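> No letters, just coordinates:
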């Protein structure tokens, strides 16, 4: 080819010491789970099938790919320090699709559609603090 597919994120040797609090991790997880139910998200659920789509040089244009499952795995492995990194990863996913395919491609409109859905949900994200009377041992 044809640049090979880069290794999966995250690097389980650089897991952050202070991850996002669980109440924030539960929210962004349910948010990503809600986006994964959207019919428009199907192409973004998993890494690109470079053989089925016949894009041998895809990883030459996109050196850092991203998908909804990777974002989900990084949350489950506590790889994020701030919820803004989850937003940045979702943005990178949309950016890669528009960069490679272009605003004319209908797959870019699917990415735009799920990004709007993601942004509507992230409006109600709880603050990084715990709450009112949540106790600390």
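Thanks, I have it. Numbers count the residues shown, from 1 in each chain.

> which parts of whichever helix or strand residue 111 is part of are buried?
Using DSSP states H and E, residue 111 maps to helix 106-121. By neighbour count on 16 or more other CB atoms under 10 Å, the buried set for helix 106-121 is 107, 108, 110, 111, 114, 115, 117, 118, 121. Backbone N, C-alpha and C define where each C-beta goes, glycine included.

> Let me know the distance separating the residue lying closest to the first one once chain neighbours are set aside from residue 90.
The shortest distance from residue 107 to any residue other than its chain neighbours is 5.3 Å, reached at residue 101 (CB to CB, 6 or more residues apart in numbering). Taking CB to CB, to the nearest Å as the measure, residue 101 and residue 90 are separated by 17 Å.

> chain center to the helix or strand hosting residue 27: distance?
Secondary structure assigned from DSSP H and E places residue 27 in helix 22-36. The chain centroid and the centroid of helix 22-36 are separated by 11 Å under CA atoms, centre = their mean, to the nearest Å.

> before we move on, what about stretch 73-89?
8 Å.

> How about residues contacting that stretch?
Here stretch 73-89 makes contact (CB atoms under 8 Å, 6 or more residues apart in numbering) with 8-10, 12, 15-16, 18-20, 24-25, 28-29, 32, 66, 70-71, 122, 125, 128.

> Could you rerun that using 6 Å?
Contact with stretch 73-89 is made by 10, 15, 16, 19, 20, 24, 25, 28, 29, 66, 71, 125, as judged by CB atoms under 6 Å, 6 or more residues apart in numbering.
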